[PDB]
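Notes follow once the structure below has been shown.
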Amino acid sequence: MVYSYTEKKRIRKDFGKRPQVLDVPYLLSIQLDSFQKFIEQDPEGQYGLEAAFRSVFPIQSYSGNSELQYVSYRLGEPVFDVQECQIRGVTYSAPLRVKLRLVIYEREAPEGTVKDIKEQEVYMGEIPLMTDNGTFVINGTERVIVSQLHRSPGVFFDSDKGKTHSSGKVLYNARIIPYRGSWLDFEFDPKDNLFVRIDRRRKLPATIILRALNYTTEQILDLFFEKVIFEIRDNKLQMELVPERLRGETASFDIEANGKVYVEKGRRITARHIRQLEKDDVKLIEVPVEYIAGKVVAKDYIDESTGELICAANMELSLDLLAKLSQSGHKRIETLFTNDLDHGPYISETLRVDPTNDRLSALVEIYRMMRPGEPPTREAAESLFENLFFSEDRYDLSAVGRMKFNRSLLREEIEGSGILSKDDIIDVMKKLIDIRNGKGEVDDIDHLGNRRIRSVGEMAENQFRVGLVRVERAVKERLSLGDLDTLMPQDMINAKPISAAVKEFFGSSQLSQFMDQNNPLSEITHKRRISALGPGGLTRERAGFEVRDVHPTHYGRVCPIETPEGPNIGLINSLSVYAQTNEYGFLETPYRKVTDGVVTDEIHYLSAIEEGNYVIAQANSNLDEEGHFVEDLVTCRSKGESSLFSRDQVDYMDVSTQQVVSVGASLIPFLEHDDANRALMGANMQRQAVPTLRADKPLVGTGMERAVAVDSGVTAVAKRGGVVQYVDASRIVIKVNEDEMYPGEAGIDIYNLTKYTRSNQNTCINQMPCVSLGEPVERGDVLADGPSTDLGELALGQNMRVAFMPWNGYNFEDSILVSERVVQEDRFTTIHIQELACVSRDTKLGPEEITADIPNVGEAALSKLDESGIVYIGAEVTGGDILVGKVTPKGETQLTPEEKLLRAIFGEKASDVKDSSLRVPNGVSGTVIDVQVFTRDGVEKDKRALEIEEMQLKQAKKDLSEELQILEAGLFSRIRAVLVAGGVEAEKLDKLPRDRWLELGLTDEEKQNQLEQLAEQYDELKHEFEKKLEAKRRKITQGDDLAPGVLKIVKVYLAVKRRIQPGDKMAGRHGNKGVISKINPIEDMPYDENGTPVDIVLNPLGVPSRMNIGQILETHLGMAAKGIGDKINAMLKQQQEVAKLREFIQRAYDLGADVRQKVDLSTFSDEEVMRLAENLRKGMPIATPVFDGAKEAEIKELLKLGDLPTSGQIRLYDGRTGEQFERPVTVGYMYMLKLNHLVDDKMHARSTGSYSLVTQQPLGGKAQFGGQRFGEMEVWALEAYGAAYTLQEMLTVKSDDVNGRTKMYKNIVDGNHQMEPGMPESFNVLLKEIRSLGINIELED
Amino acid sequence: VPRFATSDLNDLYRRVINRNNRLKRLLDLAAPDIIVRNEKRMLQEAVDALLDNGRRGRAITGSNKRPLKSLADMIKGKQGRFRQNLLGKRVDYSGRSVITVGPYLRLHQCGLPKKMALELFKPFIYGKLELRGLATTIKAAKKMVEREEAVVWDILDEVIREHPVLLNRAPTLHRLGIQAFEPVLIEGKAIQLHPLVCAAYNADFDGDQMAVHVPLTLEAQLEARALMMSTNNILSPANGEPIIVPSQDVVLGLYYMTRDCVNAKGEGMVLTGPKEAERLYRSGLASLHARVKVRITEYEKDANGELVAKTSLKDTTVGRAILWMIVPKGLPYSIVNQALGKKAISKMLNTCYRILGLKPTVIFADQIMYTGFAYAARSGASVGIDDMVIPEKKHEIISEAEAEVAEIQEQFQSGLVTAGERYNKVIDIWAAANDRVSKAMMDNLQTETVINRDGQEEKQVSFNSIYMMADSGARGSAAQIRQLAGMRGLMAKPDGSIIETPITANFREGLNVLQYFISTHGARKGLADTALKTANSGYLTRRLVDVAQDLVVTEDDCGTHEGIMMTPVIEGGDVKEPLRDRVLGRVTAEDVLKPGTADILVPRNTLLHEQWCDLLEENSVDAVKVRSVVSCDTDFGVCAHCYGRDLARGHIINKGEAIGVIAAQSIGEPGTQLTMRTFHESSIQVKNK
């Protein structure tokens, strides 16, 4: 329908013939979903606080006959709000309620219960919540937790074979990883013996631990080994035949089967000789004795005549022993298979080498292996075996553990207990014995089917569960202390472990961090992030090979483009636009279902394992109206590769082509043309773009940014929109339409816009109204634009005029050249807001006073500071001026005549009080925004903060009184309506109150009902509004809780306007970023036939050098867009009729071949888009899809329609000399980027200043002093240069020498120009350290 | 270091004093052997915690987590004492600026922004106000500086002119990373740096920071003017050739300068010398024209201590005639007639330095920069969609290779060909087809363009900017252009083998999704490799630099008769390196001999340079005995005659110069040793008979 009432102001032109049926998801559902599932109440016991309370509860003391049952929990409303809480600067957290119930059991009496204990809730900890945008609040910070990627718990099939073993064979291993607790792994050695390593401890044989599982050798061999049969009697000595159980043989003699030889001596072992004795029916045959010496007995057979232990299982048989066994009365003997073709003699070396044959000695041996210091006492070994191996608390599998456990073991059951079992680990050892046998496939570590993501829900559940156990220990000891505890859940539960665990977790963690805010882009792509750092997933911070590579599982879920190009590469990832998280943590991406020859519109979400078997067609392919594929052979992918397949082999579809990219790199137009490396660089440079004064929507674009800007939460959107009444920059109100409303409470929705405010990146943010007044608003319309947003469409940079040319060598390599025009148009200018706060107080000499006196300073500061208060709002603070005066007490001294007259003439503070204040260090200057200060508990006698205490009251009463006027006024008009026909009079009612003395009497019913009702809701709304105003005022006058280490906190905002600067930096969307050499005047710029000097000058060499394609098509297509907008602007200058311009606008929309459903003029044709022509008169909003973007045919056809030369090259004349350059020159308009790399912030030039007490070296940068560093490479550079004096006075005089700096400086000021080598003090520090060591050093002459 | 408690020290001393006074008190109490034994083990563990911590007990500090610091951590801050001592201290007087490029001013200069000025020079400004006496008291002069008086700027100008400033980039590799320039003030917050030196520092304009240090007084400024100047040291003691980078707009500008064209404008020209001003700047004469009769004067340096003039008519172009005005004096004119790429422009400066001296190649290279940027801007070079050319044979080659591979997989379906031989076979067909698309690409790159004059079949070479960069060599390569138009090749990071699904789409054409997946795969592998090689390179430079620190190079002449024989490598069909570059330099033991005997060419040891060595190139001698290092010489160090004259100064080398520190930076000079490690017979053919 493409109605787009909110987008009717600017209609972005769409390209490409590939339709998108699946709409863009809300895309924050990872953090929003994780949070809403972290706080929930469900009977199913979903993972969260209820799962933790159900996990730990019931809490029963040891031999205490007392239990604690969980009432679960319910969350309440926080005391503060989002915005007000961030303004106060305190962490935002809701209390927890619904405490657990207790229980008491009678001692020595079974089932006896004196009473049931049900107690009121108790305050425990603080549970932080999430803002609607997906952030958190701690101490007034944004606090977002990065998503994590970890190994999914389950059986791992690993190889670990290669040149690292150097054994000449391929090793194999497998390890079960629980969600918590110790790890259990198996390890091969070249001896081919299965070993067991538990949590890096020395690997014991399999027979000692499996013996600790209480399985005798008979069950070992008879379980994990074959049986068959053996027959010794009558001297025939015959065995059964298993022709289908083995392929192979070794025959040194003939073997006859039923009177005929099946395989002759030395005859071929081939299937011709196999099937001869296989397909035919053959029974047990007699063999010679010599084959027994190689065979191994299976079961345990002992002589029946006497009680010796001879002929034990798992032992070699002796030719002389056959006479002792066969004559003992044993007719049949079970012997092991023991023939190596597809099998091997595993576990035998474990049985032979394993010293412990019993489970008790096995438990003692594994106990001694666990604890080297203390010999085992044999008493706790039984608990160490279960608690170490199979136990409820110390072993955790649950949903993913048992799932990937069974599916990894090829088991039928998909669910089970969260604990290990003997048959389970025996099955793992069996499948591992098969992997060692050579059958079966291994698993890849980088394969995301073995990977799972963890979020705020699972993480916070883990830490909160650990803290809950830490509470369970002390509560268990408390209940075990006393025999009978009445009303136990009162003082037993301490909130310090809870609030310390959750406040320490969200407070300080590697994953939880504050964001540096530049544009909504960095906020949303910083909101969605995958991290392999933190706990797990991190081996080392140096080198690495296979972990940082790209697996085929990285196609439709994680974006290979976006990445931390810095020291750690390939670790931090970004999910796809359409990527979704499964309930078990797996990453599923959409695929459109296809049935027979028609493509069905049903969407199916497939994981890596599910999509591995199915075949999915290429993203871009020919499509027909009937649904069938035009081309017979369609490119399709199955597993790890792609090839042409028939139309019947395609199961699914890739839907949109944007699934492989992320939101950060998906906004870069013409991605298929530009190289992946420079696209990676540009995508890495999209986050650092600082918002400027005014945002101009990109005229070359994608169209995903439309959804990114509205879904980022930065812009101010409207809820249940309607006809707007009042508009303003501070506030916006909307009268809601009466179509869909709740019948109660009446009222309208009010909004408060955020003005200039400091961010974590020291940038500036604001929201501005997009509408004038009286304009209706639908649901989802953006009312106000945030920083770097224009009309709800994301613009984080500014376009400007572009021409490709070297100019007098000023543009070299990637260096950039900017005209003074854009410098003087205020473009690219940004505001940096720094906050300064001086907080000390807390003196044992008495409290500190703020301002009211400035000692040892003239009236210059007293003119800026108020008498009873601080400086005026929006003043000029330059240099070391004192922004806030402060005085601190000093120690008392004797009076004496001197200080007596000094205190008599001085008076007031007596001048003995120190001058320490908030004064700003040098190098910082600007205008102040607002001073928020602070208010303590029970503090008074201060004129400060009174202006904000009154301002918040006048604001809350100002915006709160509007609803009171709408309510009291609406019900008042309802009184004027109900008084009709009861003795009404317009002339009387429109000139008097009470409305006829409360509608008079009339027909009695209206008297008491209408009058008593009018008084009822009249006093109800009046007194209710007054009560709400008082409750709101108390929150304003109560303040916040400051740390005890200060009486009063003062904090001041300051803002600075920084503008396009020569050093600076500038970036493109395709990865080209450079510093500006110099800013040239307008007269020196080349101009076209119309006399339009060029704004920017870049280097064409970077296109072939750095392999950047997209810049050319960007500039040319942008030149076409500004050509259309230039012609429409000319039409507005000519004041043409609506229809004449309407024709060119319609042709502009529908030109080309299809590639859209849009039709101009479709809505009323006389307004809206007709005014949108005057909106886009500056430029045409042309969009291109990521991989579906425009082609040079449509670029040359559109740009040719824009009257511009089809070649995209315009004859230019030199600016300085007026001469024409040889050959045509490429000009265009591209999207540019302002960055935080500006030289005012980066560069600090330091000479001499304060130093460090150790080695007497300077501290470093930002301290106003310091020499940066010239390291050992510079020492080597000077040694190679041959000048030893620069290193002499550089390494010693200007650093270590204490007297060399004073004498050297005295020689520079005096002009002697002489220095001495001196004695380095850092060498003396080495002397002192070694002297502190037990080794003595003393210098000689 | 404040809550203070004196961490990492007092935490240990309180425990050790606690156990000492505890064992003394219990010692006076006569505690049992178990109590005093526990006091003795906690005692030895406590003093252990003092001297060496983290080896066994790993005692943790207060806030636990990270083990507490001990004396072992006090000796070595991170690795060794390099942080505290024996390596670079923070020192003083540092700008820490951002790179910019001035095209103007001088090869050795500086753009210390005014903002940067007078902040570092404060002591010299106070002393100047003292000696000159414009101020009264010290605090009054400090007030004159802090009040931003305009009078201070004149004295500041007096100081800055002759006061040099040395510049460095933080990742310093070789000796030329730190140089000495003569600063001049430019309004701004940045530093405009000489473009030719930017590639010498390897620094880029992406915004990497820069270190600015101030030398002090006599040996610093004077040794920096006599040593550390960028023009004083040009020859790099690594490759042996002078290191200058007249690339980018210099190669493009001089390539558009030197070239010919059929017809066009101007035809022939009778005027010769002053044809650039009137002919070029007036009208009627193109910047470059073929068949110009303009005479040109020559200067013959063959005479001893004297230059012999000459004049002759040589076939050339207008742009080459303009370029010859830059070439000083006695250089031959045959050097400027060529395509004049990034290579040919080097040997020009080489022969200029090794004939006319250092000043003519300094002012000459500098003027090469000026004319290169100037005529580069006047060239009007650019790039666009129509600039690149897509060959029409690419479709037939891709279709033919697709048919052949279809027959290959047909043979695999029939079972006649194995999967491995079919795999490598398909790789061979797509490789050969890629070569075909490359050759057709080149054909349409040069011979596609036509110009109509006379018989019209002569035309001319294509003027496209992509081709000017390919042949000129300012940037790009035939392989990168092959990625622009022709096939991109095939690589797989996880597998390490060539994939069976080639990429048939040019950059101008829309790339497939999976093609982009493979491209970002191999690109990510490339970023991992290039990011990985830096640490190993710096570590190798650390090892070799630590091993080579020993050479004093003290004595002048040892006078040893032992030497190493010098013969060419002669590997393969053609020799890899000639005999000249290897034999030149050092000194020769005994003397070389012609086919006639009894005659010696050189008097025992001689310094081999462009004269003597080229005289040896005219003879038939294939082997030259050359005495060098590791052969005899001294007990510690090497005499000057074994190393040779190769250095920034091409004359000789003198006592005291350390070749060990200069060494290891030629091997460790490349930042990236290799990329991908290059993915790692019966007939004998020879080039000549």
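We name chains A, B, ... following the order of the structure tokens; residues begin at 1 in each chain, and ligands are numbered from 1 as shown.
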- Query: Where in stretch 694-789 of chain A does DSSP assign alpha helix (DSSP H), given as a PyMOL selection string?
  - Reply: chain A and resi 704-711
Would you save the residues of that selection, restricted to N, CA and C atoms, as a PDB file, in the first residue's frame?
ATOM      1  N   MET A 704      16.898   0.362   5.252  1.00  0.00           N
ATOM      2  CA  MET A 704      16.879  -0.259   6.571  1.00  0.00           C
ATOM      3  C   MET A 704      17.012   0.782   7.675  1.00  0.00           C
ATOM      4  N   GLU A 705      17.746   1.868   7.412  1.00  0.00           N
ATOM      5  CA  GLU A 705      17.929   2.923   8.403  1.00  0.00           C
ATOM      6  C   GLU A 705      16.611   3.562   8.820  1.00  0.00           C
ATOM      7  N   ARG A 706      15.580   3.480   7.975  1.00  0.00           N
ATOM      8  CA  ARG A 706      14.255   3.937   8.379  1.00  0.00           C
ATOM      9  C   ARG A 706      13.746   3.143   9.576  1.00  0.00           C
ATOM     10  N   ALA A 707      13.928   1.821   9.552  1.00  0.00           N
ATOM     11  CA  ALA A 707      13.522   0.988  10.676  1.00  0.00           C
ATOM     12  C   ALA A 707      14.529   1.035  11.819  1.00  0.00           C
ATOM     13  N   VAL A 708      15.809   1.259  11.512  1.00  0.00           N
ATOM     14  CA  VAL A 708      16.822   1.319  12.562  1.00  0.00           C
ATOM     15  C   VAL A 708      16.638   2.569  13.414  1.00  0.00           C
ATOM     16  N   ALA A 709      16.323   3.700  12.780  1.00  0.00           N
ATOM     17  CA  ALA A 709      16.178   4.945  13.526  1.00  0.00           C
ATOM     18  C   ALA A 709      14.951   4.914  14.430  1.00  0.00           C
ATOM     19  N   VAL A 710      13.843   4.349  13.948  1.00  0.00           N
ATOM     20  CA  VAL A 710      12.634   4.303  14.762  1.00  0.00           C
ATOM     21  C   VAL A 710      12.713   3.189  15.803  1.00  0.00           C
ATOM     22  N   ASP A 711      13.417   2.100  15.501  1.00  0.00           N
ATOM     23  CA  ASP A 711      13.540   0.977  16.420  1.00  0.00           C
ATOM     24  C   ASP A 711      14.717   1.116  17.376  1.00  0.00           C
TER      25      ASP A 711
END
- Task: Can you pull out every residue within 12 Å of residue A:983, counting only C-alpha atoms, but drop anything in the same chain fewer than 4 positions away, and send it as a ChimeraX atom specification?
- Result: /A:976-979,988-989,995-1003,1006-1007
Atoms kept (N, CA and C atoms) for selection, written as a PDB file, in the first residue's frame:
ATOM      1  N   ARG A 976     -22.609  21.343  32.115  1.00  0.00           N
ATOM      2  CA  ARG A 976     -23.363  22.217  31.224  1.00  0.00           C
ATOM      3  C   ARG A 976     -24.267  21.422  30.291  1.00  0.00           C
ATOM      4  N   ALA A 977     -23.893  20.179  29.982  1.00  0.00           N
ATOM      5  CA  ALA A 977     -24.729  19.338  29.134  1.00  0.00           C
ATOM      6  C   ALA A 977     -25.880  18.713  29.915  1.00  0.00           C
ATOM      7  N   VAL A 978     -25.638  18.320  31.167  1.00  0.00           N
ATOM      8  CA  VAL A 978     -26.681  17.643  31.931  1.00  0.00           C
ATOM      9  C   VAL A 978     -27.696  18.643  32.481  1.00  0.00           C
ATOM     10  N   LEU A 979     -27.305  19.908  32.659  1.00  0.00           N
ATOM     11  CA  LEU A 979     -28.262  20.899  33.142  1.00  0.00           C
ATOM     12  C   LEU A 979     -29.297  21.283  32.090  1.00  0.00           C
ATOM     13  N   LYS A 988     -27.277  32.714  31.208  1.00  0.00           N
ATOM     14  CA  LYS A 988     -27.012  32.638  32.640  1.00  0.00           C
ATOM     15  C   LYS A 988     -25.867  31.673  32.936  1.00  0.00           C
ATOM     16  N   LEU A 989     -25.813  30.575  32.190  1.00  0.00           N
ATOM     17  CA  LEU A 989     -24.774  29.570  32.381  1.00  0.00           C
ATOM     18  C   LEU A 989     -23.439  30.051  31.822  1.00  0.00           C
ATOM     19  N   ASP A 995     -23.147  26.515  37.808  1.00  0.00           N
ATOM     20  CA  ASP A 995     -24.017  26.030  36.741  1.00  0.00           C
ATOM     21  C   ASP A 995     -25.478  25.985  37.178  1.00  0.00           C
ATOM     22  N   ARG A 996     -26.020  27.144  37.539  1.00  0.00           N
ATOM     23  CA  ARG A 996     -27.409  27.244  37.976  1.00  0.00           C
ATOM     24  C   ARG A 996     -27.583  26.761  39.413  1.00  0.00           C
ATOM     25  N   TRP A 997     -26.561  26.976  40.234  1.00  0.00           N
ATOM     26  CA  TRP A 997     -26.605  26.562  41.633  1.00  0.00           C
ATOM     27  C   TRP A 997     -26.606  25.038  41.657  1.00  0.00           C
ATOM     28  N   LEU A 998     -25.617  24.455  40.979  1.00  0.00           N
ATOM     29  CA  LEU A 998     -25.503  23.005  40.816  1.00  0.00           C
ATOM     30  C   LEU A 998     -26.723  22.420  40.108  1.00  0.00           C
ATOM     31  N   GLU A 999     -26.988  22.913  38.900  1.00  0.00           N
ATOM     32  CA  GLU A 999     -28.104  22.446  38.073  1.00  0.00           C
ATOM     33  C   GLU A 999     -29.470  22.584  38.752  1.00  0.00           C
ATOM     34  N   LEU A1000     -29.563  23.488  39.724  1.00  0.00           N
ATOM     35  CA  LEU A1000     -30.806  23.748  40.452  1.00  0.00           C
ATOM     36  C   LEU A1000     -31.410  22.482  41.056  1.00  0.00           C
ATOM     37  N   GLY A1001     -32.730  22.360  40.964  1.00  0.00           N
ATOM     38  CA  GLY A1001     -33.434  21.197  41.493  1.00  0.00           C
ATOM     39  C   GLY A1001     -34.067  20.393  40.362  1.00  0.00           C
ATOM     40  N   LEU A1002     -34.805  21.085  39.497  1.00  0.00           N
ATOM     41  CA  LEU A1002     -35.457  20.474  38.340  1.00  0.00           C
ATOM     42  C   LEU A1002     -36.397  19.331  38.724  1.00  0.00           C
ATOM     43  N   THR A1003     -36.067  18.123  38.280  1.00  0.00           N
ATOM     44  CA  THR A1003     -36.912  16.959  38.522  1.00  0.00           C
ATOM     45  C   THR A1003     -36.326  16.038  39.589  1.00  0.00           C
ATOM     46  N   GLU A1006     -32.048  14.908  38.873  1.00  0.00           N
ATOM     47  CA  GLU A1006     -30.868  15.659  38.458  1.00  0.00           C
ATOM     48  C   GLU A1006     -30.298  16.490  39.601  1.00  0.00           C
ATOM     49  N   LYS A1007     -31.143  16.904  40.545  1.00  0.00           N
ATOM     50  CA  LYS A1007     -30.692  17.642  41.719  1.00  0.00           C
ATOM     51  C   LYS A1007     -29.684  16.836  42.530  1.00  0.00           C
TER      52      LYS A1007
END
- Item | Distance query residue A:398 at most 9 Å, only C-alpha atoms, self and fewer than 6 positions along chain excluded, as a list in words |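 In the requested form, the answer reads residues 179, 415, 416, 417, 418 and 419 of chain A.
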Residues from last step as file, N, CA and C atoms, as a PDB file, in the first residue's frame:
ATOM      1  N   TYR A 179      27.144 -27.585  32.698  1.00  0.00           N
ATOM      2  CA  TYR A 179      26.946 -26.147  32.852  1.00  0.00           C
ATOM      3  C   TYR A 179      27.680 -25.609  34.074  1.00  0.00           C
ATOM      4  N   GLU A 415      15.318 -35.994  26.325  1.00  0.00           N
ATOM      5  CA  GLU A 415      15.278 -35.336  27.623  1.00  0.00           C
ATOM      6  C   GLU A 415      15.600 -36.348  28.711  1.00  0.00           C
ATOM      7  N   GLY A 416      15.929 -35.830  29.888  1.00  0.00           N
ATOM      8  CA  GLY A 416      16.249 -36.690  31.008  1.00  0.00           C
ATOM      9  C   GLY A 416      16.693 -35.882  32.203  1.00  0.00           C
ATOM     10  N   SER A 417      17.350 -36.563  33.137  1.00  0.00           N
ATOM     11  CA  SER A 417      17.844 -35.918  34.342  1.00  0.00           C
ATOM     12  C   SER A 417      19.057 -35.047  34.030  1.00  0.00           C
ATOM     13  N   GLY A 418      19.326 -34.105  34.930  1.00  0.00           N
ATOM     14  CA  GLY A 418      20.467 -33.224  34.785  1.00  0.00           C
ATOM     15  C   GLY A 418      21.715 -33.757  35.456  1.00  0.00           C
ATOM     16  N   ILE A 419      21.764 -35.072  35.680  1.00  0.00           N
ATOM     17  CA  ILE A 419      22.879 -35.709  36.365  1.00  0.00           C
ATOM     18  C   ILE A 419      23.409 -36.852  35.510  1.00  0.00           C
TER      19      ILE A 419
END
- Selection: 8 Å around residue A:1318, only C-alpha atoms, excl. self and same-chain fewer than 2 positions, as JSON, numbers by chain: {"A": [1292, 1293, 1297, 1299, 1300, 1316, 1320]}
Would you save the residues from that selection as a short mmCIF file (atom, residue, chain, number, x, y, z; two decimals), in the first residue's frame, using N, CA and C atoms?
data_model
loop_
_atom_site.label_atom_id
_atom_site.label_comp_id
_atom_site.auth_asym_id
_atom_site.auth_seq_id
_atom_site.Cartn_x
_atom_site.Cartn_y
_atom_site.Cartn_z
N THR A 1292 68.59 10.80 30.54
CA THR A 1292 69.07 11.12 31.89
C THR A 1292 68.68 12.53 32.32
N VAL A 1293 69.17 13.56 31.62
CA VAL A 1293 69.01 14.94 32.10
C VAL A 1293 67.54 15.31 32.22
N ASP A 1297 67.55 12.79 36.12
CA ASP A 1297 68.38 13.72 36.87
C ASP A 1297 67.51 14.77 37.55
N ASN A 1299 68.95 17.22 39.68
CA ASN A 1299 69.73 18.43 39.53
C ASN A 1299 69.98 18.79 38.07
N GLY A 1300 69.91 17.81 37.17
CA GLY A 1300 70.11 18.10 35.76
C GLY A 1300 68.99 18.92 35.16
N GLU A 1316 75.16 18.37 31.99
CA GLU A 1316 76.02 17.35 32.57
C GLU A 1316 75.34 15.99 32.51
N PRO A 1320 71.64 8.89 36.95
CA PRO A 1320 70.21 8.59 36.85
C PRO A 1320 69.65 8.08 38.17
#
